[PDB]
There are 2 protein chains.
Amino acid sequence: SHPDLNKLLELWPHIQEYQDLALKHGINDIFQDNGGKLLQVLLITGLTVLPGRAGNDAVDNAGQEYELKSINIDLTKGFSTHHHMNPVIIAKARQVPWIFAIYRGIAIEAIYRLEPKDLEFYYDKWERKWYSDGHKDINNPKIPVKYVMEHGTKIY
Amino acid sequence: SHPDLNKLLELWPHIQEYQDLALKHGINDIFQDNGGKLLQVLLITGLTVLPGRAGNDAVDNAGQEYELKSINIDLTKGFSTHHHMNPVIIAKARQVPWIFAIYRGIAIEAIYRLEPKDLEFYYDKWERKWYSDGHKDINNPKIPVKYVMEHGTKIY
DNA sequence: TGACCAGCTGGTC
DNA sequence: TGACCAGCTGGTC
């Protein structure tokens with residue numbers, strides 16, 4: 001074993017407390033799919049993830065659905081979307097507003113909200129390309145951070 | 001904001017410490033790709049991650065490469081592999097041994113090691129199907145936890 | 001930019 | 001079991 005293991009065990013009970021808090025709010029694993037980050041976004045905005053959901057999508061008090069995305073700006077400048085983008089995937093996205101959280105490693109920096117109308121620009125681009133390519137799935141096209149900051153409404 | 005934000009605020013400094021420890025050992029984000037669990041496996045085994053690596057791969061003091069996988073036994077009983085399994089991916093996997101970490105939530109239970117010879121049973125099953133099926137990719141075929149326990153060497 | 005490449009897993013009958 | 005059904009992202013130019 002490595003020497004740092006002693007530090008790990010010392011921090012552990014606190015990490016378990018975090019996992020417990022996450023469980024209390026519908027998140028089963030803080031170590032996958034940005035789980036530990038999703039929790040922070042939910043408590044700041046007041047949104048909720050329901051049991052039986054399909055991924056990182058949430059609802060507010062009035063029942064409105066939202067798609068949540070996170071980026072680490074210390075590494076990249078474009079938000080990931082789907083590793084197999086096509087019209088069926090886009091169809092799931094079209095009607096709901098998106099919530100974009102910006103992170104500096106682990107420190108939350110800002111949160112933006114974009115409406116479907118502010119995103120049609122990209123849906124049209126991807127759809128237009130999918131056809132041209134002979135119906136080839138697009139491997140993870142990106143949405144630029146600058147675009148989000150310029151067209152969206154800052155809520156944090 | 002939810003009243004529980006206050007508790008998150010209390011736990012935060014400890015969470016940042018854990019991310020700092022992970023960063024020192026080559027892990028950029030503890031909340032994705034099982035990063036926070038991977039750190040634990042590395043500290044127990046003494047393995048290290050290679051800068052500019054491809055996935056959760058590590059090496060020992062002699063330069064031997066390993067493939068590391070993790071599973072949450074409370075939720076599921078089959079280890080994930082690759083979302084688009086094919087002969088190209090199988091070629092990579094064939095040369096190295098695999099380390100399998102078993103977890104009950106975030107509590108580590110055991111770690112087993114399988115050699116290329118021990119996995120060949122599955123490699124042939126997959127490769128045959130790919131050739132038979134008309135060269136179509138297999139969507140995340142699983143390796144049962146029972147198989148790992150019965151053909152593996154317990155390391156922890 | 002955008003366009004090309006790549007990684008980590010849970011759930012079901 | 002096997003064979004399906006799905007999710008979350010980073011990285012280079």
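Proteins get letters first, then strands, A, B, ... in listed order; numbering begins at 1 in each. Hydrogens, waters and symmetry mates play no part in the numbers below; they use all other heavy atoms, side chains included.
- Both the sub-6.0 Å distance and the 45° axial angle are satisfied by B:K69 relative to the ring of B:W98.
- For C:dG11, its base never sits under 3.5 Å from the side chain of B:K77 at any donor and acceptor pair.
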Where do B:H2 and A:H25 land on the side-chain contact (heavy atoms from CB on, under 4.5 Å) test, with the steps shown first?
CA-CA 11 Å; B:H2 192 285; A:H25 290 94; 3.8 Å; yes
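- With sequence neighbours excluded, the residues satisfying ring-ring contact (aromatic ring centres under 6.0 Å, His included) with A:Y131 are A:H135.
- With sequence neighbours excluded, the residues forming a ring-ring contact (aromatic ring centres under 6.0 Å, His included) with A:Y122 are A:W126, A:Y147, listed by chain and number.
- Contact annotation for B:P144: backbone-only contact, meaning every heavy-atom pair under 4.0 Å involves sugar-phosphate atoms and none involves a base.
- Each of C:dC4, D:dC8, D:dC4 was ranked by its minimum atom distance to the side chain of A:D133; first place goes to C:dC4.
- DNA chain C is contacted by no residue of residues 84-99 of chain A, taking any non-hydrogen atom closer than 4.0 Å.
- Checked by distance alone, A:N139 brings a side-chain donor or acceptor within 3.5 Å of a matching partner on the base of C:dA6.
- If you check distances only, the side chain of B:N72 never reaches the base of C:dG10 with a donor-acceptor pair under 3.5 Å.
- Closest contact between the side chain of A:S80 and the listed nucleotides C:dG10, D:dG10, D:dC4 involves D:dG10.
- Scanning all heavy atoms of the two residues, the minimum distance from B:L50 to B:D57 falls at CD2-O, 3.1 Å.
- Near DNA chain C, meaning a heavy atom under 4.0 Å away, the residues from residues 18-43 of chain A are A:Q32.
- The side chain of B:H83 approaches C:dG7 more closely than any other nucleotide in the set C:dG7, D:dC8, D:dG10.
- Residue contacts shown for A:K69 are limited to sugar-phosphate atoms, with no base heavy atom under 4.0 Å away.
- Counting any heavy atom pair closer than 4.0 Å across all strands shown, B:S70 reaches sugar-phosphate atoms only and no base atom.
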Sequence neighbours left out, cut at 3.5 Å: what donor-acceptor pairs do the side chains of residues 5-13 of chain B make with other protein atoms?
none

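- Listed in residue order, the members of residues 108-125 of chain B having a heavy atom less than 4.0 Å from DNA chain C come to none.
- Picking from D:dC8, D:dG11, D:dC4 the nucleotide with the shortest atom distance to the side chain of A:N56 gives D:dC8.
- A perpendicular orientation is assigned to the rings of B:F79 and B:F100, their planes being inclined by more than 60° (bins at 30° and 60°).
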